[PDB]
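Chains as they are written, first to last, in the entry's author numbering: chain B, 507 to 604; chain Y, 311 to 359; chain R, 14 to 68, 71 to 142, 146 to 210, 212 to 214, 214A to 214C, 215 to 310.
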Ligand SMILES: *[C@@H]1O[C@H](CO)[C@@H](O)[C@H](O)[C@H]1NC(C)=O
Ligand SMILES: *[C@@H]1O[C@H](CO)[C@@H](O)[C@H](O)[C@H]1NC(C)=O
Ligand SMILES: *[C@@H]1O[C@H](CO)[C@@H](O)[C@H](O)[C@H]1NC(C)=O
């Protein structure tokens, strides 16, 4: 005799049941990094955030409807996010013939 | 003179993903570490959620 | 026991206008001192909502009101009490132990969310004796428990811990939405101290999100479950002998509407204005401000 079990998982995905994200990763700060806090992927630089959320708040938003702060799902601390540094270049020349 | 000609940015190098722990899990030990097993005709039908 | 108790007072519904209640945080985003216009489900300002009551001032054994109600798109329930007479809810479509029903029962140790189906009586409720060993000796909520696949347990929503009979320092407001197979419940328990027992308080509040359920079943009808403290105020028999206490609760409704809300420095809601009530309100909504010049 052999002890056997048959697993039968249904479909149609209307009653989302089990799933799993797992595979948490590490954290870094003050560098240009990609972040996937809760599937709201972005890129930028992390820092602290003195402002206080409400207990049920998850991630903030500023004027013009952009992400500005996110609470980490692990440590439950509201960090602040800033977009990556960038800019424009101007070239000053005194004359090719000179 | 002056000539606006170029645009620069700083690109990342690494990625980080986070999730709210694994506090709740699916108890499956009772299936494999079952005290006694079900008969051939008829069976236990355990619904997982 | 389905009791079917006598002295059933069937009365016309008292009407009370909806005085600037029915606002809730639409989502989980955070803001800081901004103005936002949102189109969503809300209770329209100044609408006549239904008033129900169970009171023993004149009729200790005759004032009970537990009829069925329609759940079209959502309700704004409010209750003013001090001894927690209102204790449960029930939903579903047929309620004949054939369709799933939500028995949100507060309990005392732990709130229980149940999807299971039951054959409820014509007048289901709960009663608990006046004895020192207080306990719901009457589990008259139903008599049959057939089938289901999901249950949930959590810490029971807190009480004010003000168990007196004077000015009702217990006021609890709830909103129940059912969209996208998600049953979402917002609530807030405002204690206050003193208020004239005319109608719902005249002021402003907010409704923090509390719970979500992914159960996803269609809902068309519901009602409330009152657990009674059957006491010796009318001593003797139980089925006919009891007290109606003093409890009042208001039931409203939800409609799709556009609102303008403002946030404070730390992100809480202070006041809001609808976009369909008055021409001045329409002007405020369109101009996107709370002030206007000549
Ligand atoms: C995650 O688990 C760790 C384990 O020590 C704990 O310190 C942390 O507070 C937990 N965070 C959450 C959000 O559950
Ligand atoms: C109320 O709490 C007790 C304590 O655990 C529990 O045994 C009981 O099942 C709860 N009531 C219901 C209806 O589940
Ligand atoms: C906002 O909340 C902070 C703390 O969270 C407090 O210091 C501040 O006084 C509050 N301001 C208002 C207007 O509520």
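The beta carbon of each residue, even a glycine, is placed where N, CA and C say it ideally should be.
- Close CB contacts of residue 114(R) within its chain, under the 7 Å cut and outside five residues either way in sequence, are with 107, 108 and 132 (chain order).
- Going by beta carbons, residue 591(B) and residue 320(Y) fall inside the 8 Å limit.
- Between ligand 1 and the CB of residue 579(B), the shortest heavy atom gap is smaller than 7 Å.
- DSSP, reduced to helix, strand and coil, places residue 272(R) within a strand of the structure shown.
- Residues of chain Y whose Cβ lies closer than 7 Å to the Cβ of residue 549(B) are, in chain order, 322.
- In the structure shown, the three-state DSSP call for residue 208(R) is strand.
- If you draw a 10 Å sphere on the C-beta of residue 266(R), you find 16 or more other C-beta atoms in it, and that means buried.
- Straight-line spacing of the CA atoms in residue 279(R) and residue 38(R) works out to 11 Å.
- Note that the stretch 349-357 of chain Y does not touch the stretch 528-538 of chain B; fewer than 3 beta-carbon pairs, one per stretch, sit closer than 8 Å.
- In the same chain as residue 76(R), and ignoring 5 residues on each side of it, the C-beta atoms closer than 8 Å to its own belong to 20, 250, 256, 257, 258, 259 and 260, in chain order.
- Approximately 12 Å separates the beta-carbon atoms of residue 27(R) and residue 216(R); this is outside 8 Å, ruling out the contact.
- With a beta-carbon spacing of about 11 Å, residue 121(R) and residue 172(R) fall beyond the 8 Å limit used to define contacts.
- Residue-level contact check: residue 47(R) touches chain B, since one or more beta carbons of chain B fall below 8 Å from its beta carbon.
- Runs of the beta strand (DSSP E) spanning 3 or more residues and lying entirely within the stretch 322-348 of chain Y occur at 324-327, in chain order.
- The Cβ atoms of residue 350(Y) and residue 511(B) do not sit closer than 8 Å to each other.
- Contact with chain Y is found for residue 596(B), since one of that chain's Cβ atoms lies less than 8 Å from the residue's Cβ.
- Interface annotation, residue 580(B): not in contact with chain R, CB-CB separation never under 8 Å.
- 224, 225, 230 and 232: these are the residues of the stretch 216-236 of chain R whose beta carbon lies less than 7 Å from some beta carbon of chain B, given in chain order.
- In this structure residue 283(R) is buried. Its beta-carbon is surrounded by 16 or more other beta-carbon atoms within 10 angstroms.
- For residue 96(R), the uninterrupted beta strand (DSSP E) run begins and ends at 90-96, by DSSP.
- When the beta-carbon positions are compared, residue 262(R) and residue 71(R) come within less than 8 Å of each other.
- The alpha carbon of residue 98(R) has as its nearest neighbour, out of 182(R), 213(R), 296(R) and 206(R), the alpha carbon of 182(R).
- Using beta-carbon distances, residue 529(B) does not count as an interface residue toward chain R, since no partner is under 8 Å.
- Flagged as an interface residue toward chain Y: residue 533(B), by a C-beta distance shorter than 8 Å.
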